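Novice: Input file: query.cif. Contents: mmCIF, C-alpha atoms.
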data_upload
#
loop_
_atom_site.group_PDB
_atom_site.id
_atom_site.type_symbol
_atom_site.label_atom_id
_atom_site.label_comp_id
_atom_site.auth_asym_id
_atom_site.auth_seq_id
_atom_site.Cartn_x
_atom_site.Cartn_y
_atom_site.Cartn_z
ATOM 1 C CA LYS W 3 65.187 109.944 127.253
ATOM 2 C CA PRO W 4 63.996 113.551 128.079
ATOM 3 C CA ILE W 5 67.113 114.014 130.338
ATOM 4 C CA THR W 6 66.283 116.835 132.749
ATOM 5 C CA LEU W 7 68.115 119.470 134.863
ATOM 6 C CA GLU W 8 67.483 117.818 138.321
ATOM 7 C CA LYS W 9 68.671 114.581 136.850
ATOM 8 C CA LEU W 10 71.951 116.030 135.596
ATOM 9 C CA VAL W 11 72.264 117.740 138.972
ATOM 10 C CA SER W 12 72.306 114.285 140.488
ATOM 11 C CA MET W 13 74.539 112.889 137.842
ATOM 12 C CA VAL W 14 77.002 115.678 138.413
ATOM 13 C CA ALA W 15 76.977 115.118 142.166
ATOM 14 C CA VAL W 16 77.550 111.376 142.045
ATOM 15 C CA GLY W 17 80.090 111.705 139.229
ATOM 16 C CA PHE W 18 82.196 114.040 141.081
ATOM 17 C CA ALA W 19 82.009 112.124 144.288
ATOM 18 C CA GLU W 20 83.184 109.073 142.343
ATOM 19 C CA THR W 21 86.034 110.787 140.723
ATOM 20 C CA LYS W 22 86.966 112.319 144.020
ATOM 21 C CA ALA W 23 86.761 108.946 145.803
ATOM 22 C CA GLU W 24 88.995 107.390 143.134
ATOM 23 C CA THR W 25 91.476 110.207 143.463
ATOM 24 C CA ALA W 26 91.628 109.686 147.182
ATOM 25 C CA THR W 27 92.435 105.978 146.559
ATOM 26 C CA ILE W 28 95.316 106.996 144.356
ATOM 27 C CA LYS W 29 96.493 109.475 146.942
ATOM 28 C CA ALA W 30 96.526 106.794 149.660
ATOM 29 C CA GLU W 31 98.418 104.320 147.486
ATOM 30 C CA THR W 32 100.861 107.121 146.647
ATOM 31 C CA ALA W 33 101.341 107.793 150.317
ATOM 32 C CA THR W 34 102.101 104.111 151.034
ATOM 33 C CA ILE W 35 104.547 104.070 148.098
ATOM 34 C CA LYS W 36 106.333 107.085 149.544
ATOM 35 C CA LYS W 37 106.622 105.312 152.832
ATOM 36 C CA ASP W 38 108.032 102.091 151.128
ATOM 37 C CA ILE W 39 110.626 104.217 149.416
ATOM 38 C CA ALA W 40 111.687 105.967 152.682
ATOM 39 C CA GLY W 41 112.240 102.484 154.059
ATOM 40 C CA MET W 42 114.193 101.341 150.988
ATOM 41 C CA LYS W 43 116.482 104.369 151.019
ATOM 42 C CA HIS W 44 117.205 103.442 154.660
ATOM 43 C CA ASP W 45 117.947 99.794 153.807
ATOM 44 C CA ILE W 46 120.351 100.978 151.024
ATOM 45 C CA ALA W 47 122.100 103.392 153.472
ATOM 46 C CA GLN W 48 122.483 100.522 156.000
ATOM 47 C CA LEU W 49 123.952 98.249 153.306
ATOM 48 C CA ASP W 50 126.343 101.080 152.372
ATOM 49 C CA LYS W 51 127.312 101.111 156.127
ATOM 50 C CA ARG W 52 127.877 97.298 156.277
ATOM 51 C CA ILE W 53 130.088 97.470 153.267
ATOM 52 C CA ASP W 54 132.068 100.399 154.858
ATOM 53 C CA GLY W 55 132.632 97.946 157.743
ATOM 54 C CA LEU W 56 133.954 95.223 155.422
ATOM 55 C CA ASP W 57 136.245 97.703 153.618
ATOM 56 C CA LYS W 58 137.880 98.323 156.987
ATOM 57 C CA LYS W 59 138.191 94.654 157.899
ATOM 58 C CA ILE W 60 139.659 93.964 154.479
ATOM 59 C CA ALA W 61 142.243 96.745 154.950
ATOM 60 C CA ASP W 62 143.163 94.976 158.227
ATOM 61 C CA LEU W 63 143.547 91.515 156.733
ATOM 62 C CA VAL W 64 145.646 92.789 153.829
ATOM 63 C CA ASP W 65 147.968 94.373 156.472
ATOM 64 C CA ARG W 66 148.109 91.130 158.553
ATOM 65 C CA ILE W 67 148.903 88.992 155.563
ATOM 66 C CA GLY W 68 151.632 91.511 154.640
ATOM 67 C CA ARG W 69 153.219 91.226 158.105
ATOM 68 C CA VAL W 70 153.327 87.450 157.836
ATOM 69 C CA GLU W 71 154.405 87.089 154.147
ATOM 70 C CA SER W 72 157.371 89.380 154.981
ATOM 71 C CA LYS W 73 158.211 87.857 158.394
ATOM 72 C CA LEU W 74 158.112 84.351 156.957
ATOM 73 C CA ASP W 75 161.059 85.670 154.821
ATOM 74 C CA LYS Z 3 76.725 132.217 124.503
ATOM 75 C CA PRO Z 4 73.166 130.990 125.470
ATOM 76 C CA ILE Z 5 74.736 127.805 127.026
ATOM 77 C CA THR Z 6 71.974 125.194 127.148
ATOM 78 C CA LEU Z 7 71.055 122.042 129.146
ATOM 79 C CA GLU Z 8 71.841 119.468 126.346
ATOM 80 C CA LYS Z 9 75.130 121.200 125.853
ATOM 81 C CA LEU Z 10 76.130 120.948 129.509
ATOM 82 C CA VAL Z 11 74.928 117.348 129.391
ATOM 83 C CA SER Z 12 77.582 116.764 126.772
ATOM 84 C CA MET Z 13 80.144 118.800 128.570
ATOM 85 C CA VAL Z 14 79.545 116.822 131.717
ATOM 86 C CA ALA Z 15 79.869 113.523 129.869
ATOM 87 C CA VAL Z 16 83.123 114.335 128.108
ATOM 88 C CA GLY Z 17 84.554 116.019 131.207
ATOM 89 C CA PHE Z 18 84.047 113.089 133.324
ATOM 90 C CA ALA Z 19 85.328 110.664 130.780
ATOM 91 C CA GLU Z 20 88.475 112.790 130.577
ATOM 92 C CA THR Z 21 89.006 112.950 134.234
ATOM 93 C CA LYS Z 22 88.337 109.265 134.476
ATOM 94 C CA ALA Z 23 90.765 108.497 131.627
ATOM 95 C CA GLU Z 24 93.450 110.591 133.340
ATOM 96 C CA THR Z 25 92.849 108.822 136.612
ATOM 97 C CA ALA Z 26 93.256 105.488 134.926
ATOM 98 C CA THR Z 27 96.644 106.676 133.549
ATOM 99 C CA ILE Z 28 97.745 107.525 137.050
ATOM 100 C CA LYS Z 29 96.519 104.188 138.306
ATOM 101 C CA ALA Z 30 98.541 102.322 135.660
ATOM 102 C CA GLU Z 31 101.706 104.290 136.392
ATOM 103 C CA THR Z 32 101.120 103.608 140.095
ATOM 104 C CA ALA Z 33 100.818 99.930 139.363
ATOM 105 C CA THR Z 34 104.123 99.901 137.434
ATOM 106 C CA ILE Z 35 105.783 101.813 140.297
ATOM 107 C CA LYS Z 36 104.558 99.197 142.752
ATOM 108 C CA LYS Z 37 106.029 96.511 140.594
ATOM 109 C CA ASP Z 38 109.451 98.380 140.359
ATOM 110 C CA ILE Z 39 109.504 98.609 144.118
ATOM 111 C CA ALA Z 40 108.749 94.860 144.592
ATOM 112 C CA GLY Z 41 111.753 94.244 142.371
ATOM 113 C CA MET Z 42 113.953 96.699 144.291
ATOM 114 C CA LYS Z 43 113.073 95.216 147.672
ATOM 115 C CA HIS Z 44 114.158 91.866 146.177
ATOM 116 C CA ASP Z 45 117.465 93.272 144.882
ATOM 117 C CA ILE Z 46 118.149 94.766 148.379
ATOM 118 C CA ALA Z 47 117.340 91.388 150.053
ATOM 119 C CA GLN Z 48 119.735 89.628 147.616
ATOM 120 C CA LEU Z 49 122.489 92.161 148.379
ATOM 121 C CA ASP Z 50 121.849 91.575 152.101
ATOM 122 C CA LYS Z 51 122.350 87.814 151.298
ATOM 123 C CA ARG Z 52 125.646 88.398 149.381
ATOM 124 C CA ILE Z 53 126.994 90.403 152.234
ATOM 125 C CA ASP Z 54 125.955 87.612 154.718
ATOM 126 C CA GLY Z 55 128.135 85.367 152.512
ATOM 127 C CA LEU Z 56 131.134 87.713 152.756
ATOM 128 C CA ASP Z 57 130.722 88.040 156.548
ATOM 129 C CA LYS Z 58 131.202 84.279 156.715
ATOM 130 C CA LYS Z 59 134.207 84.211 154.400
ATOM 131 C CA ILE Z 60 135.757 87.036 156.387
ATOM 132 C CA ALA Z 61 135.244 85.112 159.654
ATOM 133 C CA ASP Z 62 137.113 82.231 157.945
ATOM 134 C CA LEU Z 63 140.063 84.297 156.765
ATOM 135 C CA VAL Z 64 140.487 85.979 160.150
ATOM 136 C CA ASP Z 65 140.678 82.433 161.657
ATOM 137 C CA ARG Z 66 143.217 81.248 159.008
ATOM 138 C CA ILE Z 67 145.445 84.239 159.496
ATOM 139 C CA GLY Z 68 145.261 83.609 163.266
ATOM 140 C CA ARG Z 69 146.405 79.989 162.826
ATOM 141 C CA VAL Z 70 149.393 81.095 160.777
ATOM 142 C CA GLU Z 71 150.448 84.213 162.793
ATOM 143 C CA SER Z 72 150.547 81.950 165.893
ATOM 144 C CA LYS Z 73 152.172 78.912 164.219
ATOM 145 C CA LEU Z 74 154.848 81.091 162.651
ATOM 146 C CA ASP Z 75 155.758 81.786 166.350
ATOM 147 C CA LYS S 3 66.957 125.742 146.850
ATOM 148 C CA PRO S 4 65.615 126.294 143.244
ATOM 149 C CA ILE S 5 69.032 125.115 141.841
ATOM 150 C CA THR S 6 69.285 126.512 138.314
ATOM 151 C CA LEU S 7 71.082 125.725 135.010
ATOM 152 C CA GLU S 8 73.636 128.647 135.158
ATOM 153 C CA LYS S 9 74.404 127.628 138.683
ATOM 154 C CA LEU S 10 75.145 124.015 137.775
ATOM 155 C CA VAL S 11 77.159 125.363 134.852
ATOM 156 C CA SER S 12 79.362 127.045 137.413
ATOM 157 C CA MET S 13 79.378 124.090 139.694
ATOM 158 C CA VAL S 14 80.446 121.868 136.849
ATOM 159 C CA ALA S 15 83.241 124.238 135.865
ATOM 160 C CA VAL S 16 84.728 124.610 139.328
ATOM 161 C CA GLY S 17 84.264 120.909 140.089
ATOM 162 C CA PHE S 18 86.149 119.827 137.157
ATOM 163 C CA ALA S 19 88.896 122.320 137.637
ATOM 164 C CA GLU S 20 89.264 120.987 141.181
ATOM 165 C CA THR S 21 89.389 117.426 140.187
ATOM 166 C CA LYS S 22 91.798 118.293 137.444
ATOM 167 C CA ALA S 23 94.005 120.303 139.829
ATOM 168 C CA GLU S 24 94.057 117.372 142.265
ATOM 169 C CA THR S 25 94.958 114.986 139.492
ATOM 170 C CA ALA S 26 97.830 117.190 138.480
ATOM 171 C CA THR S 27 99.102 117.078 142.107
ATOM 172 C CA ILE S 28 99.062 113.313 141.983
ATOM 173 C CA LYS S 29 100.825 113.347 138.649
ATOM 174 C CA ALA S 30 103.615 115.562 140.021
ATOM 175 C CA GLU S 31 104.093 113.404 143.110
ATOM 176 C CA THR S 32 104.155 110.361 140.817
ATOM 177 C CA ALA S 33 106.817 112.001 138.725
ATOM 178 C CA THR S 34 108.990 112.710 141.794
ATOM 179 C CA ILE S 35 108.501 109.098 142.944
ATOM 180 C CA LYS S 36 109.679 107.863 139.559
ATOM 181 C CA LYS S 37 112.739 110.002 139.864
ATOM 182 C CA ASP S 38 113.480 108.671 143.462
ATOM 183 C CA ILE S 39 113.245 105.155 142.134
ATOM 184 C CA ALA S 40 115.645 105.852 139.200
ATOM 185 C CA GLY S 41 118.085 107.065 141.828
ATOM 186 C CA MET S 42 117.544 104.014 144.054
ATOM 187 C CA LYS S 43 118.045 101.550 141.210
ATOM 188 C CA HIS S 44 121.355 103.364 140.588
ATOM 189 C CA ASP S 45 122.406 103.152 144.254
ATOM 190 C CA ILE S 46 121.604 99.373 144.221
ATOM 191 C CA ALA S 47 123.654 98.899 140.989
ATOM 192 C CA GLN S 48 126.594 100.777 142.600
ATOM 193 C CA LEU S 49 126.374 98.590 145.723
ATOM 194 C CA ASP S 50 126.327 95.524 143.442
ATOM 195 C CA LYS S 51 129.566 96.989 141.891
ATOM 196 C CA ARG S 52 131.260 97.544 145.312
ATOM 197 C CA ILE S 53 130.501 94.020 146.302
ATOM 198 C CA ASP S 54 131.932 92.740 142.933
ATOM 199 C CA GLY S 55 135.104 94.591 144.015
ATOM 200 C CA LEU S 56 135.196 92.845 147.406
ATOM 201 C CA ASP S 57 134.589 89.425 145.796
ATOM 202 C CA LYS S 58 137.790 90.008 143.843
ATOM 203 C CA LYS S 59 139.811 91.176 146.834
ATOM 204 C CA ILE S 60 138.570 88.186 148.796
ATOM 205 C CA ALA S 61 139.648 85.813 145.995
ATOM 206 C CA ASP S 62 143.100 87.460 146.285
ATOM 207 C CA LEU S 63 143.413 87.100 150.045
ATOM 208 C CA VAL S 64 142.302 83.463 149.985
ATOM 209 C CA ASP S 65 145.121 82.860 147.421
ATOM 210 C CA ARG S 66 147.715 84.749 149.559
ATOM 211 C CA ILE S 67 146.814 82.876 152.693
ATOM 212 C CA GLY S 68 147.090 79.629 150.685
ATOM 213 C CA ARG S 69 150.621 80.521 149.524
ATOM 214 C CA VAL S 70 151.719 81.173 153.090
ATOM 215 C CA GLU S 71 149.935 78.247 154.867
ATOM 216 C CA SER S 72 151.668 75.910 152.362
ATOM 217 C CA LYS S 73 155.086 77.640 152.374
ATOM 218 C CA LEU S 74 155.146 77.697 156.163
ATOM 219 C CA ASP S 75 155.098 73.850 155.735
#
Rewrite the structure from the file as structure tokens, please.
Specialist:
Amino acid sequence: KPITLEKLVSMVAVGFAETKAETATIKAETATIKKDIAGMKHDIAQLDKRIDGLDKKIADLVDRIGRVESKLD
Amino acid sequence: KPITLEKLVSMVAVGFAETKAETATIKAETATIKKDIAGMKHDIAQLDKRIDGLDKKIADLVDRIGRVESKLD
Amino acid sequence: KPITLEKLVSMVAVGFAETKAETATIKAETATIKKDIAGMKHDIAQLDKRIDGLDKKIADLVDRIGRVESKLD
């Protein structure tokens, strides 16, 4: 194995391209994860909203039951 | 520092292995993040479900209060 | 292009530093993604809590309507 200069030249080239190509894969996956998270934060914020809506309806029903429990008497 | 060919050979080897090993760490973390997100999307979908259940119960109570408010009169 | 030993020495150095610097960027982004997820798991757990609170209020209103529907008769 008299491993030469032009050979290591090529080994360096291809090694770097590999490591770079693998990096890029991780970058892409990372970008798609970011996007999933933006979507999930939105779904959580929408659920928060729905629940705000039920808090209000619940306030209303507690008031309507009050009116009736008292009027009944 | 008469930095030689067989020396850079070794430096190239170990450098690449490093960068590769570090890459693999990022890949693994990325995989565990993916899995956390799959779980979180499921928890959000289950919360959506629970809330669907409360929407229905709320429809029911609004109807039962109606029956009584009117019958009372 | 009589590409020499000291030249590839430099190319190796700078290539590695690059790939290392790019790696570090991915690591940082990965760390901030982890942190977003810790926050999102907390928001989901808090929503779970809010809903536990509405389950209880709903139990209460179903009981109060019961008392009245029956007393009315």
Novice: Given the point (139.7, 97.1, 151.9) in the coordinates of this file, which residues lie within 12 Å, counting all atoms listed in the file, and how would they look as a PyMOL selection string?
Specialist: (chain W and resi 53-65) or (chain Z and resi 60) or (chain S and resi 52-53+55-60+62-63)
Novice: Starting from the displayed file, determine the output of the PyMOL selection byres ((chain S and resi 32) around 10) and express the residue list as a ChimeraX atom specification.
Specialist: /W:29,32,35-36 /Z:28,31-32,35 /S:26-31,33-38
Novice: Quick one: write out the picked residues with C-alpha atoms as a JSON list (two decimals), in the coordinates of the input?
Specialist:
[["chain", "number", "residue", "atom", "x", "y", "z"],
["W", 29, "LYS", "CA", 96.49, 109.48, 146.94],
["W", 32, "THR", "CA", 100.86, 107.12, 146.65],
["W", 35, "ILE", "CA", 104.55, 104.07, 148.10],
["W", 36, "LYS", "CA", 106.33, 107.08, 149.54],
["Z", 28, "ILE", "CA", 97.74, 107.52, 137.05],
["Z", 31, "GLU", "CA", 101.71, 104.29, 136.39],
["Z", 32, "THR", "CA", 101.12, 103.61, 140.10],
["Z", 35, "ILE", "CA", 105.78, 101.81, 140.30],
["S", 26, "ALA", "CA", 97.83, 117.19, 138.48],
["S", 27, "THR", "CA", 99.10, 117.08, 142.11],
["S", 28, "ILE", "CA", 99.06, 113.31, 141.98],
["S", 29, "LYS", "CA", 100.82, 113.35, 138.65],
["S", 30, "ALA", "CA", 103.62, 115.56, 140.02],
["S", 31, "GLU", "CA", 104.09, 113.40, 143.11],
["S", 33, "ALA", "CA", 106.82, 112.00, 138.72],
["S", 34, "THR", "CA", 108.99, 112.71, 141.79],
["S", 35, "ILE", "CA", 108.50, 109.10, 142.94],
["S", 36, "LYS", "CA", 109.68, 107.86, 139.56],
["S", 37, "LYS", "CA", 112.74, 110.00, 139.86],
["S", 38, "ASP", "CA", 113.48, 108.67, 143.46]]
Novice: Near residue 49 of chain Z, counting all atoms listed in the file, which residues have an atom at most 8 Å away, once you skip same-chain residues fewer than 3 positions from it, shown as a JSON list (two decimals) with C-alpha atoms, in the frame of the given file?
Specialist:
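What ended up in selection_16.json:
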[["chain", "number", "residue", "atom", "x", "y", "z"],
["W", 49, "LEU", "CA", 123.95, 98.25, 153.31],
["Z", 45, "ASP", "CA", 117.46, 93.27, 144.88],
["Z", 46, "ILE", "CA", 118.15, 94.77, 148.38],
["Z", 52, "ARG", "CA", 125.65, 88.40, 149.38],
["Z", 53, "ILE", "CA", 126.99, 90.40, 152.23],
["S", 49, "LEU", "CA", 126.37, 98.59, 145.72],
["S", 50, "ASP", "CA", 126.33, 95.52, 143.44]]
Novice: What does the distance between atom CA of residue 40 of chain S and atom CA of residue 39 of chain W come to in Å, to one decimal place?
Specialist: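 Taking atom CA of residue 40 of chain S and atom CA of residue 39 of chain W, their separation equals 11.5 Å.
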Novice: Over all C-alpha pairs taken in sequence order, what does chain S look like after a least-squares fit onto chain Z? Please give it as a PDB file with C-alpha atoms, keeping the file's coordinate frame.
Specialist:
ATOM      1  CA  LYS S   3      76.725 132.216 124.503  1.00  0.00           C
ATOM      2  CA  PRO S   4      73.165 130.989 125.470  1.00  0.00           C
ATOM      3  CA  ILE S   5      74.736 127.804 127.027  1.00  0.00           C
ATOM      4  CA  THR S   6      71.974 125.194 127.149  1.00  0.00           C
ATOM      5  CA  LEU S   7      71.055 122.042 129.145  1.00  0.00           C
ATOM      6  CA  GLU S   8      71.842 119.468 126.346  1.00  0.00           C
ATOM      7  CA  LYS S   9      75.130 121.200 125.853  1.00  0.00           C
ATOM      8  CA  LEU S  10      76.130 120.948 129.509  1.00  0.00           C
ATOM      9  CA  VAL S  11      74.927 117.348 129.391  1.00  0.00           C
ATOM     10  CA  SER S  12      77.581 116.765 126.773  1.00  0.00           C
ATOM     11  CA  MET S  13      80.143 118.800 128.570  1.00  0.00           C
ATOM     12  CA  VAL S  14      79.545 116.821 131.716  1.00  0.00           C
ATOM     13  CA  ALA S  15      79.869 113.523 129.868  1.00  0.00           C
ATOM     14  CA  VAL S  16      83.123 114.335 128.108  1.00  0.00           C
ATOM     15  CA  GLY S  17      84.554 116.019 131.207  1.00  0.00           C
ATOM     16  CA  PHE S  18      84.047 113.089 133.324  1.00  0.00           C
ATOM     17  CA  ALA S  19      85.327 110.664 130.780  1.00  0.00           C
ATOM     18  CA  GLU S  20      88.475 112.790 130.577  1.00  0.00           C
ATOM     19  CA  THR S  21      89.006 112.950 134.235  1.00  0.00           C
ATOM     20  CA  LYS S  22      88.337 109.266 134.476  1.00  0.00           C
ATOM     21  CA  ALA S  23      90.764 108.497 131.628  1.00  0.00           C
ATOM     22  CA  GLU S  24      93.450 110.591 133.340  1.00  0.00           C
ATOM     23  CA  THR S  25      92.849 108.822 136.612  1.00  0.00           C
ATOM     24  CA  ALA S  26      93.256 105.487 134.925  1.00  0.00           C
ATOM     25  CA  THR S  27      96.644 106.676 133.548  1.00  0.00           C
ATOM     26  CA  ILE S  28      97.745 107.526 137.049  1.00  0.00           C
ATOM     27  CA  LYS S  29      96.519 104.188 138.306  1.00  0.00           C
ATOM     28  CA  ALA S  30      98.541 102.322 135.660  1.00  0.00           C
ATOM     29  CA  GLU S  31     101.706 104.290 136.393  1.00  0.00           C
ATOM     30  CA  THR S  32     101.120 103.608 140.096  1.00  0.00           C
ATOM     31  CA  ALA S  33     100.818  99.931 139.363  1.00  0.00           C
ATOM     32  CA  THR S  34     104.123  99.901 137.434  1.00  0.00           C
ATOM     33  CA  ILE S  35     105.783 101.813 140.297  1.00  0.00           C
ATOM     34  CA  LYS S  36     104.558  99.197 142.752  1.00  0.00           C
ATOM     35  CA  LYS S  37     106.028  96.510 140.594  1.00  0.00           C
ATOM     36  CA  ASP S  38     109.451  98.380 140.359  1.00  0.00           C
ATOM     37  CA  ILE S  39     109.504  98.610 144.118  1.00  0.00           C
ATOM     38  CA  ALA S  40     108.750  94.860 144.592  1.00  0.00           C
ATOM     39  CA  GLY S  41     111.753  94.244 142.371  1.00  0.00           C
ATOM     40  CA  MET S  42     113.953  96.699 144.291  1.00  0.00           C
ATOM     41  CA  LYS S  43     113.073  95.216 147.673  1.00  0.00           C
ATOM     42  CA  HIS S  44     114.158  91.866 146.178  1.00  0.00           C
ATOM     43  CA  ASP S  45     117.464  93.272 144.882  1.00  0.00           C
ATOM     44  CA  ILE S  46     118.149  94.766 148.378  1.00  0.00           C
ATOM     45  CA  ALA S  47     117.341  91.388 150.053  1.00  0.00           C
ATOM     46  CA  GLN S  48     119.735  89.628 147.616  1.00  0.00           C
ATOM     47  CA  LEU S  49     122.489  92.161 148.379  1.00  0.00           C
ATOM     48  CA  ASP S  50     121.849  91.575 152.101  1.00  0.00           C
ATOM     49  CA  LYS S  51     122.350  87.814 151.298  1.00  0.00           C
ATOM     50  CA  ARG S  52     125.647  88.398 149.382  1.00  0.00           C
ATOM     51  CA  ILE S  53     126.994  90.403 152.235  1.00  0.00           C
ATOM     52  CA  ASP S  54     125.956  87.612 154.718  1.00  0.00           C
ATOM     53  CA  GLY S  55     128.135  85.367 152.512  1.00  0.00           C
ATOM     54  CA  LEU S  56     131.134  87.713 152.756  1.00  0.00           C
ATOM     55  CA  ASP S  57     130.722  88.040 156.548  1.00  0.00           C
ATOM     56  CA  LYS S  58     131.201  84.279 156.715  1.00  0.00           C
ATOM     57  CA  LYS S  59     134.207  84.211 154.400  1.00  0.00           C
ATOM     58  CA  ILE S  60     135.757  87.036 156.388  1.00  0.00           C
ATOM     59  CA  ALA S  61     135.244  85.111 159.654  1.00  0.00           C
ATOM     60  CA  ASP S  62     137.113  82.231 157.944  1.00  0.00           C
ATOM     61  CA  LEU S  63     140.063  84.297 156.765  1.00  0.00           C
ATOM     62  CA  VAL S  64     140.487  85.979 160.150  1.00  0.00           C
ATOM     63  CA  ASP S  65     140.678  82.433 161.657  1.00  0.00           C
ATOM     64  CA  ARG S  66     143.218  81.249 159.008  1.00  0.00           C
ATOM     65  CA  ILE S  67     145.445  84.239 159.495  1.00  0.00           C
ATOM     66  CA  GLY S  68     145.260  83.609 163.266  1.00  0.00           C
ATOM     67  CA  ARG S  69     146.405  79.988 162.826  1.00  0.00           C
ATOM     68  CA  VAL S  70     149.393  81.094 160.777  1.00  0.00           C
ATOM     69  CA  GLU S  71     150.447  84.213 162.793  1.00  0.00           C
ATOM     70  CA  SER S  72     150.547  81.950 165.893  1.00  0.00           C
ATOM     71  CA  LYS S  73     152.172  78.912 164.219  1.00  0.00           C
ATOM     72  CA  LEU S  74     154.848  81.091 162.652  1.00  0.00           C
ATOM     73  CA  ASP S  75     155.758  81.786 166.349  1.00  0.00           C
TER      74      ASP S  75
END
Novice: May I ask which of the residues Z:67, Z:23, Z:5, Z:13 is the closest one to chain W, counting all atoms listed in the file?
Specialist: Z:67
Novice: Separation of atom CA of residue 18 of chain W and atom CA of residue 14 of chain S, in Å?
Specialist: 9.1 Å
Novice: When you count all atoms listed in the file, which of these residues is closest to chain S: Z:47, Z:42, Z:15, Z:75?
Specialist: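 Using all atoms listed in the file, the shortest distance to chain S belongs to Z:42.
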Novice: Applied to this file, what does the PyMOL selection byres ((chain S and resi 7) around 10) return in terms of residues, put as a list in words?
Specialist: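 Applied to this file, the PyMOL selection byres ((chain S and resi 7) around 10) returns residues 7, 8, 10 and 11 of chain W; 5, 6, 7 and 10 of chain Z; 4, 5, 6, 8, 9, 10, 11, 12 and 13 of chain S.
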